[PDB]
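S.K.: Provided herewith is a single structure, encoded as structure tokens, for subsequent inquiry.
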Amino acid sequence: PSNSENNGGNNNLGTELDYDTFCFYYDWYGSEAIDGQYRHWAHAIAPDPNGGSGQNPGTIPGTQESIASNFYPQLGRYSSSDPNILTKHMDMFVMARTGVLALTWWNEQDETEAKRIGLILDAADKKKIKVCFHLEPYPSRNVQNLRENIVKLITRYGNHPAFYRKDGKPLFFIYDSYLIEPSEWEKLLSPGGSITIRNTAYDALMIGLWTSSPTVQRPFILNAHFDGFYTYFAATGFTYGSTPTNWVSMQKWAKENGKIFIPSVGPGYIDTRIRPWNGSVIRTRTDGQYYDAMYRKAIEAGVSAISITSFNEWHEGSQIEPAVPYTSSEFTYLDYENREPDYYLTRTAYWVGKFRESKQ
């Protein structure tokens, strides 16, 4: 039958979703019609951190001609609140074989965000996609309000059929987890911690961000009691963790220490519309060869799970979401070159298959 890729049957077609593949997803885009503003398509231009005083770097206005990306979405200046966009995104996840949507989460305590989360869970479930949360560095984030928010999310969403579980446990990615000391993390994540989630209804796999050298990160991960670690950055060499020649040794350490390594792979990086001074971090896509090289390194490292940066971080040029050629009176956007708009979706499906072929 139609749309039976993920029906719960015995298919061996090489088209199934992979539930150890986590794709970072952003629900912060708006349209004037649905959200009141072209949210995130309009974006502040960041000042140069080395550029000194008197910078009025200005804004990108989020007009049709001028959006806060070096690329241009096939779906245009879409609203993340539009259920018809969300359906299309879930079909794209099915095409890419990415079984887990890792949703940015900013503690907005806003009804419009609660609506989005529920729409995303419902749309994902229709396609047998799962959702987990990517806990961002919201103001005054600390282990106590993280616990309260983990309790809220598991209580609100834990019965939803799309809520992700691995061996019965939810999973969270914690962005910039280094902004919190190991001694604070211990309270939440050690079985002995004063506010532990271990052995509670709110227990979860907690995946911290490995940034710098092993001498710093190994004791950080152990002393913080994270269950595993990810690397996030799509730009190779931005950090030690995002340098793929380190992934074999990072995996060896993870396996020795009972930790889950979820390296992050991406198809390229460019953020110079919003960060004009950040050109050193550009990584060119070269018609897919960059994505291929990074995905191959992750698979060769022997990991059990892979994360993809990103579905739709359009500001950072890491998206696998379809992009189209566009030249406006105001900017000539980058595009997928000699590849079709859906190439990064179907190339993701290819790599998911190689990952599964190798997988434990």
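Just so we're on the same page, the entry's author numbering is the position in the sequence shown counted from 1, plus 20.
Note that CB positions come from ideal geometry on N, CA and C, so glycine has one too.
Could you please give the first and the last residue of the uninterrupted alpha helix (DSSP H) stretch that includes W273?
M.R.: For the purposes of this step, residue 273 is taken as residue 253 along the sequence shown, with counting starting at 1. Unbroken alpha helix (DSSP H) run through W273: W267 to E276.
S.K.: Which one of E168, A221 and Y158 has the shortest CA to CA distance from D196?
M.R.: Along the sequence shown, read from residue 1 onward, the residue named residue 196 stands at position 176. Of the candidates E168, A221 and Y158, the one whose C-alpha sits nearest the C-alpha of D196 is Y158.
S.K.: Is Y184 helix, strand or coil by DSSP?
M.R.: Walking along the sequence shown from the start, residue 184 turns up at place 164. DSSP places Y184 outside both helix and strand once states are collapsed to three, so it counts as coil.
S.K.: Quick one: Cα of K207 to Cα of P21, how far?
M.R.: The residue you call residue 207 lines up with position 187 of the sequence shown. The residue you call residue 21 lines up with position 1 of the sequence shown. Separation of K207 and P21 (C-alpha to C-alpha, rounded to the nearest whole angstrom) is 50 Å.
S.K.: Looking only at DSSP bridge pairs, what is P93 linked to?
M.R.: Reading the sequence shown from its first residue, position 73 is the one you call residue 93. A343.
S.K.: Consult DSSP for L155 and reduce its assignment to one of helix, strand or coil.
M.R.: The residue given as residue 155 occupies position 135 in the sequence shown. Strand at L155.
S.K.: Counting along the chain, where does the beta strand (DSSP E) carrying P81 start and finish?
M.R.: Within the sequence shown, residue 81 is the residue found at index 61, counting from 1. Here the beta strand (DSSP E) through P81 covers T79 to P81.
S.K.: With distance defined between alpha-carbon atoms, name the residue in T347, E350, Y346 and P342 nearest to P361.
M.R.: To locate residue 361, count along the sequence shown from 1; it is residue 341. For the residues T347, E350, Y346 and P342, the minimum Cα distance to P361 belongs to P342.
S.K.: In the DSSP assignment, find the beta strand (DSSP E) that holds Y250 and state where it starts and stops.
M.R.: Here residue 250 refers to the residue found at position 230 of the sequence shown. Residues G248 to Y250.
S.K.: Does the contact criterion of 3 or more C-beta pairs under 8 Å hold for the segment 358-378 versus the segment 96-106?
M.R.: no
S.K.: Leaving aside the five residues before and after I302 along the sequence, list all residues of the same chain whose C-beta is less than 6 Å from its C-beta, in chain order.
M.R.: Numbered from its first residue, the sequence shown carries residue 302 at position 282. Same-chain partners within the cutoff: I290.
S.K.: Please determine, among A66, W126 and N31, the residue with the shortest C-alpha to C-alpha distance to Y45.
M.R.: Here residue 45 refers to the residue found at position 25 when the sequence shown is read from its first residue. Nearest option by C-alpha distance: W126.
S.K.: Classify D47 as helix, strand or coil using the three-state DSSP reduction.
M.R.: In the sequence shown, the residue the question calls residue 47 occupies position 27. Reduced to three states, the DSSP call for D47 is coil.
S.K.: Shortest alpha-carbon distance to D142 belongs to which of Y177, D130, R167 and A64?
M.R.: Locating residue 142 in the sequence shown gives position 122, where the first residue counts as 1. For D142, the nearest C-alpha among the options comes from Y177.
S.K.: Could you say which of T107, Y39 and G78 lies nearest to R136 if we only look at CA atoms?
M.R.: The count along the sequence shown starts at 1 and reaches residue 136 at position 116. When C-alpha distances from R136 are compared across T107, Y39 and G78, the shortest belongs to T107.
S.K.: Following the continuous beta strand (DSSP E) through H63, name the residue where it begins and the one where it ends.
M.R.: By one-based count along the sequence shown, residue 63 stands at place 43. Per DSSP, the unbroken beta strand (DSSP E) holding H63 starts and ends at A62 to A64.
S.K.: Does DSSP put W125 in a helix, a strand or coil?
M.R.: What you label residue 125 is simply residue 105 of the sequence shown in a count that begins at 1. Correct three-state label for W125: strand.
S.K.: Beta carbon of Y49, beta carbon of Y98: below 9 Å?
M.R.: The residue you call residue 49 lines up with position 29 of the sequence shown. The residue you call residue 98 lines up with position 78 of the sequence shown. Taking C-beta atoms as the reference points, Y49 and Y98 count as a pair closer than 9 Å.
S.K.: Could you say if the segment 250-263 and the segment 279-295 meet the contact criterion of at least three C-beta pairs nearer than 8 Å?
M.R.: These segments touch.
S.K.: Who are the near neighbours of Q380 in its chain, counting only those whose CB is closer than 7 Å to its CB and skipping five residues on each side?
M.R.: Within the sequence shown, the letter at position 360 stands for residue 380. Contacts found: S324.
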